[PDB]
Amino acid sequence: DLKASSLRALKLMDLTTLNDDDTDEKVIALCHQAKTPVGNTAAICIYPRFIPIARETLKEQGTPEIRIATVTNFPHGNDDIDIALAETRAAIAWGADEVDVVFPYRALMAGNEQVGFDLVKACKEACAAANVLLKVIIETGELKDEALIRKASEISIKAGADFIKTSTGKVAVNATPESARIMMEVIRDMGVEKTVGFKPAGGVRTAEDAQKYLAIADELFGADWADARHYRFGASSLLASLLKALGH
């Protein structure tokens, strides 16, 4: 049970460091940690200014295909499209393979559904031109309400999200199995399972946690569905828990 789930989950990790005071040394160490005795993580996720040093570290350890994700409009999810789009354009220029943008969830909570569509769509158009995948963080722990989680997910998908993602990791409540079920049901109901991935992020701590999230995916979409284009774990400490479950 835990061995099989843990080796799947490890391969799906966006191994992340997003601190206010990160350093090159910490990002280098993270890149080294992404190359494990049982597999490489799918990606690393770091702030944009670290993309060049991460790319060279990944090449120099012989893992050039570990993707580099970053974040924009982050963590706030403010509703200023010009800023979100400028930050997304800058992340592309820094060399990102993927951008995880924060949806304007407080504007949605205040009744504005259109700004979330326009913000995601603008960011998607910049990313798509550069062959960069766009994940959209809806911040389920602050939306709280099931109807709002569904609505933010639907808007994001309609606007072109390549993934929908639970959380920034910067608020009090991040991924939960409840939130994951709701978001994956939207992917199912909208018929976009082929084109939209899911990423639970923040507070995914243990191999046991990861096994729960994969069980939801397998139930909704079949055991074949999850893969790097369709599923990621936004996590850090989880990696050591997965390796421990695997005997490392």
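Numbering starts at 1 and runs along the sequence shown.
Remark: stretch with higher mean C-alpha B factor among 43 to 51 and 185 to 193 is 185 to 193.
Taking the mean C-alpha B-factor of each stretch as recorded, 18 to 26 and 227 to 235 are not equal, and the higher mean is that of 18 to 26. In the deposited coordinates, the residue among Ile83, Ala175, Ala161, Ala91 with the greatest CA B-factor is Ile83.
The entry assigns its greatest Cα B factor, within the set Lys144, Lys170, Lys135, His76, to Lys144. Per-chain ranking of the deposited C-alpha B factor places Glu125 in the highest third.
Among all modelled residues in this chain, the alpha-carbon of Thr72 has a temperature factor (C-alpha) in the lowest third. Looking at the C-alpha B-factors along this chain, the one for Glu98 belongs to the lowest third. For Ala180, the recorded CA temperature factor ranks within the middle third of the chain's modelled residues. Among the modelled residues of its chain, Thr166 has a C-alpha B-factor that falls in the lowest third according to the deposited record.
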